>>> print(open('coords_28.cif').read())   # mmCIF, C-alpha atoms
data_protein
loop_
_atom_site.label_atom_id
_atom_site.label_comp_id
_atom_site.auth_asym_id
_atom_site.auth_seq_id
_atom_site.Cartn_x
_atom_site.Cartn_y
_atom_site.Cartn_z
CA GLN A 21 -1.19 24.82 8.81
CA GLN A 22 -2.94 21.93 6.90
CA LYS A 23 -2.95 22.55 3.12
CA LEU A 24 -4.89 21.15 0.19
CA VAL A 25 -2.52 21.66 -2.74
CA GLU A 26 -3.86 21.50 -6.28
CA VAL A 27 -2.23 19.26 -8.85
CA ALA A 28 -4.45 18.95 -11.92
CA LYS A 29 -7.69 17.34 -12.99
CA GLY A 30 -7.65 13.60 -13.69
CA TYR A 31 -10.00 10.77 -14.60
CA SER A 44 1.29 7.03 -6.52
CA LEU A 45 2.92 9.91 -4.53
CA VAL A 46 6.62 9.60 -3.61
CA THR A 47 9.31 11.93 -2.26
CA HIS A 48 12.96 11.69 -3.16
CA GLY A 49 15.18 14.32 -1.52
CA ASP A 50 13.39 17.67 -1.78
CA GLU A 51 11.12 16.66 -4.67
CA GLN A 52 7.72 14.99 -4.65
CA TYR A 53 6.60 12.92 -7.60
CA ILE A 54 3.07 12.04 -8.61
CA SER A 55 1.40 9.85 -11.25
CA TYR A 56 -2.20 9.91 -12.57
CA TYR A 57 -4.27 9.60 -15.74
CA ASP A 58 -5.44 12.89 -17.26
CA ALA A 59 -8.87 13.58 -18.83
CA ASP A 60 -7.75 12.22 -22.22
CA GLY A 61 -6.49 9.03 -20.55
CA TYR A 62 -2.76 9.77 -20.79
CA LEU A 63 -0.39 8.69 -18.04
CA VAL A 64 1.06 11.90 -16.55
CA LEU A 65 4.16 12.11 -14.37
CA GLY A 66 4.64 15.22 -12.27
CA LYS A 67 6.95 16.65 -9.68
CA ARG A 68 7.27 19.62 -7.37
CA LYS A 69 9.74 20.98 -4.95
CA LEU A 70 8.47 20.37 -1.42
CA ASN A 71 7.07 23.51 0.24
CA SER A 72 5.98 24.91 -3.15
CA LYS A 73 2.78 24.64 -5.20
CA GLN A 74 4.25 24.60 -8.76
CA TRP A 75 4.05 21.22 -10.46
CA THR A 76 6.03 20.31 -13.55
CA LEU A 77 3.61 17.98 -15.35
CA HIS A 78 4.74 15.71 -18.20
CA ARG A 79 2.20 13.90 -20.32
CA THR A 80 3.91 10.67 -21.32
CA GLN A 81 3.64 8.63 -24.49
CA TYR A 82 1.43 6.02 -22.74
CA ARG A 83 -2.38 6.03 -22.76
CA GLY A 84 -4.92 4.17 -20.56
CA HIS A 90 -7.23 -1.34 -15.04
CA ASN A 91 -5.59 2.06 -14.62
CA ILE A 92 -3.16 1.12 -11.77
CA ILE A 93 0.16 3.05 -11.67
CA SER A 94 3.14 2.47 -9.27
CA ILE A 95 6.21 4.69 -9.17
CA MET A 96 9.41 4.77 -7.14
CA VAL A 97 12.72 6.57 -7.28
CA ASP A 98 15.98 4.63 -6.88
CA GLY A 99 19.17 5.70 -5.08
CA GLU A 100 20.50 7.33 -8.28
CA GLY A 101 17.32 9.46 -8.73
CA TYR A 102 15.82 7.47 -11.61
CA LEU A 103 12.06 7.13 -11.66
CA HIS A 104 10.78 3.62 -12.21
CA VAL A 105 7.22 3.32 -13.44
CA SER A 106 4.88 0.36 -13.94
CA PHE A 107 1.25 0.41 -15.01
CA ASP A 108 -1.48 -2.19 -15.33
CA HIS A 109 -4.11 -1.64 -18.04
CA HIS A 110 -5.16 -5.05 -19.52
CA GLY A 111 -3.50 -7.28 -16.91
CA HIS A 112 -1.33 -8.89 -19.56
CA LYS A 113 2.27 -8.06 -20.45
CA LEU A 114 4.44 -6.20 -17.93
CA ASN A 115 4.49 -2.46 -18.60
CA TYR A 116 7.72 -1.09 -17.08
CA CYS A 117 9.68 2.07 -17.89
CA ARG A 118 12.48 4.08 -16.34
CA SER A 119 13.16 7.79 -16.63
CA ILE A 120 15.85 8.70 -19.15
CA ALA A 121 17.98 10.37 -16.49
CA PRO A 122 18.07 11.15 -12.76
CA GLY A 123 15.23 13.57 -11.93
CA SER A 124 13.60 13.35 -15.34
CA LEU A 125 9.88 12.83 -15.96
CA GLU A 126 10.57 11.62 -19.50
CA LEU A 127 10.24 7.83 -19.91
CA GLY A 128 12.06 5.47 -22.20
CA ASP A 129 10.46 2.60 -24.08
CA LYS A 130 8.85 -0.31 -22.22
CA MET A 131 11.36 -2.90 -21.12
CA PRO A 132 11.53 -6.27 -19.36
CA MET A 133 12.70 -6.77 -15.83
CA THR A 134 13.91 -10.40 -15.78
CA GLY A 135 12.18 -11.50 -19.00
CA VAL A 136 10.57 -14.45 -17.17
CA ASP A 137 6.91 -14.70 -16.10
CA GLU A 138 6.12 -11.21 -17.45
CA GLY A 139 3.11 -12.07 -19.60
CA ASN A 140 0.25 -11.81 -17.09
CA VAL A 141 0.95 -8.96 -14.71
CA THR A 142 -1.46 -7.08 -12.47
CA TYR A 143 -1.10 -4.91 -9.36
CA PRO A 144 2.50 -3.74 -9.76
CA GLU A 145 4.09 -2.31 -6.58
CA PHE A 146 7.56 -0.79 -5.99
CA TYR A 147 9.28 -0.42 -2.61
CA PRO A 148 12.64 1.13 -1.77
CA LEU A 149 15.34 -1.05 -0.16
CA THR A 150 18.53 -0.14 1.69
CA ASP A 151 21.27 1.65 -0.21
CA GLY A 152 19.13 2.69 -3.15
CA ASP A 153 17.99 -0.68 -4.45
CA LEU A 154 14.29 -1.34 -5.32
CA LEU A 155 11.89 -4.19 -4.66
CA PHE A 156 9.08 -4.97 -7.14
CA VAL A 157 6.09 -7.14 -6.29
CA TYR A 158 3.31 -8.08 -8.69
CA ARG A 159 0.40 -10.48 -9.01
CA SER A 160 1.31 -12.97 -11.74
CA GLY A 161 -1.48 -14.82 -13.52
CA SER A 162 0.72 -17.13 -15.57
CA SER A 163 -0.35 -20.19 -13.51
CA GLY A 164 -4.05 -19.42 -14.01
CA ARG A 165 -4.36 -17.98 -10.47
CA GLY A 166 -2.75 -14.93 -8.88
CA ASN A 167 0.65 -15.49 -7.33
CA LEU A 168 3.04 -13.05 -5.60
CA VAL A 169 6.23 -12.63 -7.63
CA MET A 170 9.09 -10.54 -6.15
CA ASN A 171 12.07 -8.96 -7.90
CA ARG A 172 15.00 -6.76 -6.75
CA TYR A 173 16.75 -3.97 -8.70
CA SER A 174 20.43 -3.81 -7.75
CA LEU A 175 21.77 -0.34 -8.11
CA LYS A 176 25.39 -1.56 -8.38
CA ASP A 177 24.82 -3.75 -11.50
CA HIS A 178 21.70 -1.86 -12.76
CA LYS A 179 19.65 -4.98 -13.35
CA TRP A 180 16.60 -6.76 -12.03
CA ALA A 181 16.74 -10.26 -10.55
CA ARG A 182 14.07 -12.63 -9.33
CA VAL A 183 13.94 -12.91 -5.53
CA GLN A 184 11.01 -15.29 -5.10
CA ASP A 185 8.86 -17.16 -7.56
CA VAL A 186 6.62 -18.69 -4.94
CA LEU A 187 6.41 -16.97 -1.57
CA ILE A 188 2.73 -17.39 -0.58
CA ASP A 189 1.31 -20.74 -1.82
CA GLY A 190 -2.45 -21.23 -1.85
CA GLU A 191 -1.92 -24.83 -3.01
CA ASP A 192 -5.10 -26.04 -4.80
CA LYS A 193 -7.55 -24.28 -2.58
CA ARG A 194 -6.82 -20.60 -2.02
CA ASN A 195 -5.85 -17.11 -3.26
CA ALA A 196 -3.90 -14.60 -1.14
CA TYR A 197 -4.26 -10.82 -1.07
CA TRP A 198 -1.16 -9.11 0.31
CA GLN A 199 0.33 -5.80 1.36
CA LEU A 200 3.97 -4.92 2.11
CA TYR A 201 6.08 -2.26 3.76
CA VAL A 202 9.82 -1.69 3.88
CA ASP A 203 10.72 -0.19 7.24
CA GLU A 204 13.31 2.39 8.18
CA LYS A 205 15.85 -0.43 8.86
CA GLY A 206 15.28 -1.99 5.42
CA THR A 207 13.24 -4.96 6.65
CA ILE A 208 10.50 -6.12 4.30
CA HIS A 209 7.16 -6.70 6.08
CA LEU A 210 4.42 -8.78 4.47
CA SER A 211 0.85 -9.44 5.49
CA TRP A 212 -2.08 -11.04 3.75
CA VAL A 213 -5.56 -12.49 3.92
CA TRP A 214 -6.71 -15.78 2.36
CA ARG A 215 -9.69 -16.10 0.00
CA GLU A 216 -11.28 -19.49 -0.77
CA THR A 217 -13.55 -18.71 -3.73
CA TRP A 218 -14.53 -15.86 -6.06
CA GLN A 219 -16.82 -14.50 -3.33
CA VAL A 220 -15.49 -11.79 -1.01
CA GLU A 221 -17.24 -13.35 2.00
CA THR A 222 -14.72 -16.20 1.79
CA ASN A 223 -11.87 -13.90 2.90
CA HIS A 224 -10.35 -15.11 6.15
CA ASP A 225 -7.46 -14.54 8.54
CA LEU A 226 -4.50 -12.17 8.73
CA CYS A 227 -1.03 -13.62 8.24
CA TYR A 228 2.49 -12.18 8.55
CA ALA A 229 6.08 -12.63 7.45
CA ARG A 230 9.23 -10.45 7.41
CA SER A 231 12.61 -10.52 5.69
CA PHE A 232 15.82 -8.91 6.90
CA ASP A 233 17.92 -9.93 3.86
CA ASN A 234 16.08 -8.36 0.91
CA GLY A 235 13.66 -11.30 0.49
CA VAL A 236 16.04 -14.26 0.48
CA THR A 237 14.96 -15.54 3.94
CA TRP A 238 11.62 -15.05 5.73
CA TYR A 239 10.69 -15.07 9.42
CA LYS A 240 7.76 -15.06 11.75
CA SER A 241 7.50 -12.25 14.37
CA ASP A 242 8.69 -14.71 17.07
CA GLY A 243 12.02 -15.31 15.32
CA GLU A 244 11.13 -18.70 13.73
CA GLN A 245 12.48 -19.00 10.18
CA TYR A 246 10.08 -20.08 7.46
CA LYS A 247 10.76 -22.88 5.02
CA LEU A 248 9.26 -21.53 1.83
CA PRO A 249 6.67 -21.47 0.44
CA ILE A 250 4.28 -20.14 3.04
CA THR A 251 0.97 -21.99 3.02
CA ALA A 252 -2.10 -21.86 5.20
CA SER A 253 -0.57 -24.64 7.34
CA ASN A 254 2.81 -23.04 8.15
CA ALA A 255 1.82 -19.31 8.11
CA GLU A 256 2.02 -17.11 11.16
CA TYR A 257 -1.48 -15.96 12.02
CA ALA A 258 -1.50 -12.37 13.29
CA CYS A 259 -5.24 -12.72 13.77
CA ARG A 260 -7.71 -15.57 13.25
CA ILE A 261 -10.74 -14.10 11.48
CA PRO A 262 -13.30 -16.48 10.00
CA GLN A 263 -15.13 -16.27 6.71
CA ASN A 264 -18.32 -14.17 6.62
CA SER A 265 -16.72 -11.55 8.92
CA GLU A 266 -16.82 -8.68 6.37
CA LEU A 267 -13.01 -8.90 6.31
CA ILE A 268 -11.68 -6.87 3.39
CA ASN A 269 -8.75 -7.84 1.15
CA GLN A 270 -5.78 -5.70 -0.04
CA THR A 271 -5.24 -3.01 2.60
CA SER A 272 -1.94 -1.70 4.01
CA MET A 273 0.62 -2.05 6.69
CA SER A 274 3.42 -0.12 8.32
CA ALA A 275 6.13 -0.38 10.92
CA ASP A 276 7.71 1.79 13.55
CA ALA A 277 11.41 2.62 13.83
CA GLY A 278 11.84 -0.40 16.13
CA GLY A 279 10.64 -2.75 13.33
CA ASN A 280 7.33 -3.60 15.01
CA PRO A 281 4.63 -4.22 12.41
CA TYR A 282 1.18 -2.58 12.25
CA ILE A 283 -1.63 -3.66 9.99
CA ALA A 284 -4.77 -1.66 9.20
CA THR A 285 -7.98 -3.34 8.03
CA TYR A 286 -11.62 -3.83 9.07
CA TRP A 287 -13.95 -6.67 10.00
CA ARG A 288 -17.05 -7.47 12.07
CA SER A 289 -16.86 -9.25 15.46
CA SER A 290 -19.00 -12.40 15.90
CA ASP A 291 -21.59 -10.71 18.18
CA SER A 292 -22.07 -7.47 16.15
CA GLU A 293 -23.84 -6.47 12.93
CA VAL A 294 -21.40 -3.53 12.51
CA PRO A 295 -18.01 -3.87 10.86
CA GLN A 296 -15.30 -1.75 12.52
CA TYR A 297 -11.87 -0.46 11.56
CA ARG A 298 -9.07 -2.27 13.31
CA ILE A 299 -5.37 -1.99 14.04
CA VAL A 300 -3.37 -5.21 14.43
CA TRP A 301 0.17 -4.97 15.73
CA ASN A 302 2.99 -6.98 17.23
CA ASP A 303 5.03 -5.46 20.07
CA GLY A 304 7.90 -7.99 19.96
CA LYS A 305 6.06 -10.49 22.19
CA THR A 306 2.45 -10.86 21.03
CA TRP A 307 -0.17 -9.76 18.57
CA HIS A 308 -2.81 -7.28 19.68
CA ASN A 309 -5.87 -5.97 17.97
CA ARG A 310 -7.88 -2.91 18.70
CA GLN A 311 -11.02 -1.31 17.36
CA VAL A 312 -10.34 2.18 15.95
CA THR A 313 -13.68 3.90 15.53
CA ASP A 314 -17.23 3.44 16.92
CA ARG A 315 -19.40 2.87 13.88
CA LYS A 316 -23.14 2.14 14.20
CA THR A 317 -24.19 1.43 10.60
CA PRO A 318 -24.05 -2.14 9.36
CA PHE A 319 -22.89 -3.05 5.90
CA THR A 320 -22.06 -6.30 4.13
CA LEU A 321 -19.50 -7.13 1.42
CA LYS A 322 -21.67 -10.06 0.19
CA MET A 328 -19.95 0.67 -3.57
CA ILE A 329 -18.56 -0.24 -0.11
CA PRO A 330 -19.50 2.51 2.45
CA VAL A 331 -15.99 2.59 4.06
CA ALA A 332 -12.49 2.76 2.48
CA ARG A 333 -9.45 0.56 2.86
CA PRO A 334 -7.33 2.36 5.51
CA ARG A 335 -3.80 3.78 5.50
CA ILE A 336 -1.53 4.23 8.52
CA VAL A 337 1.60 6.01 9.56
CA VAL A 338 3.27 5.46 12.92
CA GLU A 339 5.72 7.19 15.21
CA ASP A 340 6.81 4.85 18.02
CA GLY A 341 3.27 3.65 18.93
CA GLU A 342 1.51 6.92 18.00
CA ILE A 343 -0.79 6.16 15.06
CA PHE A 344 -2.40 8.32 12.39
CA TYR A 345 -5.08 6.17 10.77
CA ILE A 346 -6.61 7.52 7.56
CA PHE A 347 -9.99 6.39 6.32
CA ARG A 348 -13.28 7.42 4.67
CA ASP A 349 -16.77 6.46 5.91
CA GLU A 350 -20.33 7.22 4.76
CA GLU A 351 -21.11 7.76 8.47
CA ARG A 352 -18.84 10.82 8.46
CA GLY A 353 -20.13 12.09 5.11
CA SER A 354 -17.43 10.34 3.09
CA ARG A 355 -14.89 12.98 4.13
CA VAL A 356 -11.18 12.32 4.36
CA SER A 357 -11.01 11.24 8.02
CA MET A 358 -8.32 10.54 10.59
CA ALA A 359 -8.22 8.58 13.80
CA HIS A 360 -5.31 9.42 16.00
CA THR A 361 -3.95 7.89 19.18
CA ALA A 362 -0.94 9.00 21.13
CA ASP A 363 -0.15 5.38 21.98
CA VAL A 364 -1.88 2.36 20.47
CA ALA A 365 -1.39 0.37 23.72
CA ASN A 366 -3.19 2.81 26.06
CA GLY A 367 -4.53 6.05 24.50
CA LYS A 368 -8.04 6.99 23.34
CA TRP A 369 -8.70 7.44 19.59
CA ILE A 370 -9.50 11.03 18.52
CA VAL A 371 -11.49 10.97 15.22
CA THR A 372 -11.51 14.09 13.03
CA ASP A 373 -12.15 15.02 9.43
CA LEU A 374 -9.30 16.42 7.36
CA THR A 375 -11.72 17.65 4.70
CA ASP A 376 -15.20 19.11 5.20
CA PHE A 377 -16.36 17.87 1.79
CA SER A 378 -17.17 14.38 0.48
CA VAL A 379 -14.68 12.54 -1.72
CA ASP A 380 -17.25 9.74 -2.31
CA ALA A 381 -15.55 6.41 -3.22
CA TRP A 382 -12.01 7.68 -2.57
CA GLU A 383 -9.58 5.45 -0.79
CA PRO A 384 -6.46 6.79 0.89
CA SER A 385 -2.91 6.64 -0.38
CA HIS A 386 0.03 8.54 1.02
CA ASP A 387 3.63 9.39 0.40
CA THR A 388 5.30 6.57 2.23
CA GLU A 389 8.85 7.90 1.77
CA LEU A 390 8.01 11.38 2.94
CA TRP A 391 6.79 9.94 6.23
CA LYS A 392 9.87 7.78 6.70
CA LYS A 393 12.35 10.56 5.88
CA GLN A 394 10.61 13.72 7.21
CA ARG A 395 7.62 12.63 9.36
CA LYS A 396 5.28 14.63 7.13
CA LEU A 397 2.00 13.06 6.10
CA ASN A 398 0.90 13.85 2.54
CA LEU A 399 -2.22 12.24 1.05
CA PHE A 400 -3.33 11.86 -2.55
CA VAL A 401 -6.91 13.25 -2.48
CA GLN A 402 -9.44 13.26 -5.25
CA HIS A 403 -13.21 13.02 -5.45
CA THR A 404 -13.74 9.56 -6.91
CA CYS A 405 -17.04 8.32 -8.41
CA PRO A 417 -12.70 15.12 -14.44
CA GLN A 418 -11.95 15.88 -10.78
CA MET A 419 -9.08 17.92 -9.30
CA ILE A 420 -6.30 15.89 -7.72
CA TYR A 421 -4.80 17.39 -4.57
CA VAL A 422 -1.99 16.66 -2.16
CA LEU A 423 -3.33 17.09 1.37
CA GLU A 424 -0.53 18.10 3.68
CA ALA A 425 -1.80 16.94 7.09
CA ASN A 426 -0.73 18.19 10.51
CA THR A 427 0.81 15.49 12.70
CA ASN A 428 2.87 17.43 15.31
#
>>> encode(input="coords_28.cif", output="C-alpha cells")
Amino acid sequence: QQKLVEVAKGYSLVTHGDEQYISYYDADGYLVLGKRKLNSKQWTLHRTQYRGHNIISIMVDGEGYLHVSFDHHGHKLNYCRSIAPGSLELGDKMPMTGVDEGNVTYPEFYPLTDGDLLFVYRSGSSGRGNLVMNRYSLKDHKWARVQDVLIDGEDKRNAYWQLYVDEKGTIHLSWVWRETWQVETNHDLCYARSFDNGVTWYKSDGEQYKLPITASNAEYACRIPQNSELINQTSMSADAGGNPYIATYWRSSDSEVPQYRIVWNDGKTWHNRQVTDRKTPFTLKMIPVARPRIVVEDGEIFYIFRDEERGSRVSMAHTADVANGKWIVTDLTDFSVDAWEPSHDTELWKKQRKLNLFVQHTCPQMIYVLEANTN
C-alpha cells in the first residue's frame, strides 16, 4: 500500500486537480519543474532557464497557472509564472507589486478561496527580517500588498513564522520570537488568524488585533522561555473546523531531553502535549531531530519527523485523537535520510486526504514522493 515513488536525482510538492507538481535543483544546479498524473509513476521533468540559498516555493492558482519563486542570494525577488495553464515552462522574472522587492528571502505561496494566492516573504529592506504579505487576485490578474507590517519586533526582536490556509480559507499564523543572533534566545509561541484574506487579524478567543502585532499585544499559544531548545521556523495546520495545530519541539524546565510537541486550540483553550518519548539530550547552543510536519483529520494527527534516536528514518507519530489517544510511533522508511526535514503536499491532504512526502537523503541523491497510508 505505501509507495516510495522515484522522481530524479537532485543536489515544494503541490497537487492541482489530478496532477502533482514538484520543484528541485538537479545535479548541474538547474531549477527543474516536474509533474505527474496522480496514481502514476511517469514524471514530465522540465529543466528551466534558471540556475542555482536554494529555496523554491511553488503553487498553482485557480486557472491552473504555476507560480514559482526562488531564493538564491537573498536579494531581488525572483518570481515567474508558467506561460499557460498546466505548463512547466516559465516566463521571464517579473515583479509582484514593484515595492520592497530588493531583499527577499524565504518565499512562500498559499492558496486562498476561489483560486487566489497569498505570498509571504521575509523582507530585509529595513535591515532586519520582516513578514511582508501579498495577494494575487485571479479576477484582475495582479498582485497587491496586503500587509507591510504584520509582526513587529520593534527595536528588540526578530520573528520566525509559519502559516496555513485552512479548508474554509482562513489564514493561520504562528511564530516564535528571537532576541539575538543566538538560537538559544528563541522564546514563546504566538498566534493570529485572518478570515478576510489578511485585511483583519484575530486571536483564537475572538478578540480583534490592532496591527501591528508586537510582543506586548500578541496572543501567546504557549509561554516558552529562552534556553529551552525551542526551534524556529516549523509548521502548522488546521482541521476542518478551523482549529489550529502547531508542531514544534522544546525541552521542559526539569528535563535535559528536548521533546516533540503538539500545541492546539480547541475553541476554548490552548493545550500542549508531548509526542514522543526521547531519551537523548541535545542542545541548539547538525541538529539530531528535524522540524516536524503535521496533517490532521478532526483531531486525528499524523506527525512526521526524523530523529537520530530512530536511525534518522522518516518517522511518524500517530494518534486517533489528540485530546485522549496514545501516540503510535513508526518508521515510514527503514533507511536513514540523514539531515532530511519533512515537507508534504499540503493541497493533496486538504482535497483528497492523501499524505505525500518529499523524501530525499540529505547531507546527487534520488528524490522520491512517499505515498503514506493514513486510513
>>> closest_residue(input="coords_28.cif", among="A:61, A:49, A:279, A:417", to="residue 202 of chain A", atoms="only C-alpha atoms")
A:279
>>> resolve_selection(input="coords_28.cif", expression="the PyMOL selection byres ((chain A and resi 188) around 7)", output="PDB file with C-alpha atoms, in the frame of the given file")
ATOM      1  CA  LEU A 168       3.040 -13.050  -5.600  1.00  0.00           C
ATOM      2  CA  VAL A 186       6.620 -18.690  -4.940  1.00  0.00           C
ATOM      3  CA  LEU A 187       6.410 -16.970  -1.570  1.00  0.00           C
ATOM      4  CA  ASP A 189       1.310 -20.740  -1.820  1.00  0.00           C
ATOM      5  CA  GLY A 190      -2.450 -21.230  -1.850  1.00  0.00           C
ATOM      6  CA  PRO A 249       6.670 -21.470   0.440  1.00  0.00           C
ATOM      7  CA  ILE A 250       4.280 -20.140   3.040  1.00  0.00           C
ATOM      8  CA  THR A 251       0.970 -21.990   3.020  1.00  0.00           C
TER       9      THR A 251
END
>>> residues_around(input="coords_28.cif", residues="segment 367-383 of chain A", least_positions_apart="6", cutoff="6 Å", atoms="only C-alpha atoms", output="PyMOL selection string")
chain A and resi 332+353-361+403-405
>>> residues_around(input="coords_28.cif", residues="residue 26 of chain A", least_positions_apart="6", cutoff="12 Å", atoms="all atoms listed in the file", output="PyMOL selection string")
chain A and resi 54+68+72-75+399-402+418-424
>>> atom_distance(input="coords_28.cif", atom1="atom CA of residue 397 of chain A", atom2="atom CA of residue 172 of chain A")
27.0 Å
